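One chain is shown next in structure tokens, namely the form deposited in one PDB entry.
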């Protein structure tokens, strides 16, 4: 990644103190949000995860599918279950999974996306664009850099796989962490986009101003139906359509 030279190829916000309490923050999911689910990256991840269940838990493929979906469904991350019940080391799992995707051959600079996010930053209606992902920081950063958007965000809340289980979406504590890290004072000053219906559900219940459910094709049942109060779009470039006012001075 260090040989990338395109705009947005370098992270410009710190990773890892009172603030203006009127801060407005737009939280961005990453996987299947900042890139399309139709990249099939999610399918690549799942293949790798299923391989891990087989090689490390010694499960047949069908038992692997079932347990993976069960953990994913209850926790928002299979790895949460693997840590708690199977005493798996999440960083080693992560090394084999997310961190071994052929992303460099899949993700390329998304110029329309870059330009859309720039307009959102430049309206003055939103104070911070804050990343909020269940991925570990390695993968999250890699996605931003390849997509050419690593300079367009003010911070990153990611799931800390160092824990031995993980605080993650859709659990409330993950949202409380994003609020604290981003400097957000009230959920009312927050907006949120994510492809997972369950994640959006939590954002809505907590009192976030506007939550957008991003469903490129059909809903993944495991991730949840579109919840009540949510706005649905099929591509992140449709944000200008549904929260137009945030793009206007």
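Rigid core here is just the name for the largest C-alpha set that superposes within 1.5 Å across the two forms. Numbering follows the first chain given and starts at 1.
Below, we refer to the form deposited in another entry, which is not included among the displayed structures.
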task: Tell me, please, whether between this form and the one not shown the C-alpha of residue 49 is shifted by 2 Å or more, with the rigid core used for superposition.
output: yes
- prompt: So, does residue 62 move by 2 Å or more at the CA between this form and the one not shown, with the core held fixed?
  reply: yes
- prompt: Superposing on the rigid core, is the CA of residue 39 displaced by 2 Å or more between this form and the one not shown?
  reply: yes
- prompt: How does the C-alpha distance between residue 201 and residue 46 change in the other entry compared with the present structure, closer or farther, given a change of 3 angstroms or more?
  reply: farther
query: Given that the distance between the C-alpha atoms of residue 39 and residue 148 changes by 3 Å or more in the other entry, do they end up closer or farther than here?
result: farther
